[PDB]
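Presented as structure tokens, the chain that follows is alone, the form deposited in one PDB entry.
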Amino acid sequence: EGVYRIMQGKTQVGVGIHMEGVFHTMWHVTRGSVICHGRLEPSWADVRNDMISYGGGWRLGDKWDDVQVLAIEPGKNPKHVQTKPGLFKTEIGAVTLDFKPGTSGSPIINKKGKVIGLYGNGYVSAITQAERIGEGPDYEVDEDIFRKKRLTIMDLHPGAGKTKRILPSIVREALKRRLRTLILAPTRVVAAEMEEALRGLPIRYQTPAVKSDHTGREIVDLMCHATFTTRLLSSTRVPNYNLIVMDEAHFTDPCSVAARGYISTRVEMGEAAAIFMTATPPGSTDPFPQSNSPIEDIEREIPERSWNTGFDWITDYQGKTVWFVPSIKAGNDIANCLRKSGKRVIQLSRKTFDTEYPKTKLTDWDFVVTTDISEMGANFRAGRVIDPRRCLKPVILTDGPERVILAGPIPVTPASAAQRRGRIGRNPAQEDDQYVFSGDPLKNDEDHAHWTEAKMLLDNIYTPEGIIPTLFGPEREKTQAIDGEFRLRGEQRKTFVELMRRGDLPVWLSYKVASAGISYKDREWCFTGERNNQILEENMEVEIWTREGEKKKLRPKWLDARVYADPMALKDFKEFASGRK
């Protein structure tokens, strides 16, 4: 609504224009900072040309070619100053007008009432502006995205809004339309951030520990992907949501894949509408998508273990980095190494995420060493990503006696790499953020255990219609499994759910045990394995003291790596093997 002085003992630094909802000013003035009124979001900036935008993209009336410079002097007053701009070659026009420092950002007017540039300081003072722009202010316009038997993908991107303006917008619209709305976060921490963004709506958070909750007053349910699925498995009460919204819909975690399959089935039913939010839709394969601010891509050899020299660019870099590693174990290596150098590093994995992410948001740090979990929603105030584009993938060895092993380090998918790189280049920075990476990604992940683990979840979810639910379209071509064969009747089914819910066991594992007719309470299968099935912890053969009072070596019948592939999961499987769980 007009023209403001950028005030910062501390006085006026520059001038900005607020037009059509967006705030415009020179780059040198804010130097990248935020402004206050509450806060003002720095969204866009052409750095070299010297200018920044707040709350969206630039707005223009025309260009030059007879003009006034409404100069807002510091400790002075607005005075309309009219002049003809020079025709200097460089094609940039400019005025011969010298106003004192702090004036930078003043509106230049072609004789109507529409701004055709900004006064740039500074031999002569340019009419600073670029090509036609731009995107759109922090208000959202939507369809038509609520009709039954419809599915929509929003590939949201860190501008205005995102988790900021888009989600509350559709929720406001949904409530206005009396739709029982469900929202799905990948992680508690992302759901928590949803709550602040929604503060003021009837939004109830829903624990996994509760199998269903119902009020019959207009409410909006907020849960983790896995909460949904486990409720779909254990609750008898199909709640008939008509709008389902999935934030970060690219999560290939089986509870996610499952959720997506069920949801897609409700849509085809005619029963639901669905919205899937993600920058990398399942089936997408660009590892270099567009981004809100410029990213410098840098292809360079990166340490996979400790190092002592020739990697100066690492330690020399004067800011916060994100480093994706293929594993907790690899991460210790790198952290251990970084710490030699006197670097504040925070480590993240699935298990530790909920208690260790907030440390990144709330304290002075130098490095994050993260597994791929940070591909789901993770938000960082960092400048550089270091991404060796590697990972471990669980595979069911079909080659004789079945087992799950952590294969790799193998290279990541294009999508996974897009997401890792997608940590960076959200906020305008003085230097373009840096994506430092190594190797090409690989797209064939069809032997990934998660696909069949999903079908295991999926075809054990029962619908009143009697339809077996199935994988979301683009994800169907990832198994040759036939719909329904993993279905498990009787209380083999109930066991299969319990082991997952209370036993904390992976899907595949949970499956093999239930379908053998083993009762949850029974734990002998943890000890009746073949010699080559012996678990080891830090290089010693694991022994555990039973609830009936015996020492036996940890040797399960069916071997699934994910129980023994990081102390925290292994601490757990030990408690299960006891009978504490």
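Here, rigid core means the biggest group of C-alpha atoms that superpose within 1.5 Å across both forms. Just count from 1 along the sequence shown to find any residue number.
Per the record, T90 and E91 are separated by 1 to 3 deposited residues that have no coordinates.
Unmodelled deposited residues between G122 and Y123: 4 to 9, per the record. Averaged over CA atoms, B-factors in the entry run higher in 488-496 than in the other of 488-496 and 399-407. Of the two segments examined, 302-310 and 378-386, it is 302-310 that shows the higher average Cα temperature factor in the deposited entry.
Between the residues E475, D459, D297, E140, the entry's highest C-alpha temperature factor is the one at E140. Comparing the C-alpha B-factors of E453, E135, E248, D213 in the entry, the top value falls on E135. Per the PDB record, residue ranking by Cα B-factor puts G517 in the lowest third of the chain. Ranked by Cα temperature factor within the chain, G549 sits in the highest third according to the deposited record.
Ranked by C-alpha B-factor against the other modelled residues of its chain, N532 falls in the highest third.
Residue-level temperature factors show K571 in the highest third of its chain, judged at the C-alpha atom.
When the modelled residues of the chain are ordered by their C-alpha B factor, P239 lands in the highest third.
There is also a form deposited in another entry; it is not shown, and the following applies to it.
With the core held fixed by superposition, the comparison between this form and the one not shown singles out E140 as the only member of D333, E140, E475, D366 whose CA moves by at least 2 angstroms. Whereas the displayed form keeps them at a certain spacing, the CA atoms of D138 and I219 lie at least 3 angstroms farther apart in the other entry. The Cα-Cα distance between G200 and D138 is lengthened by 3 Å or more in the other entry relative to the form shown here.
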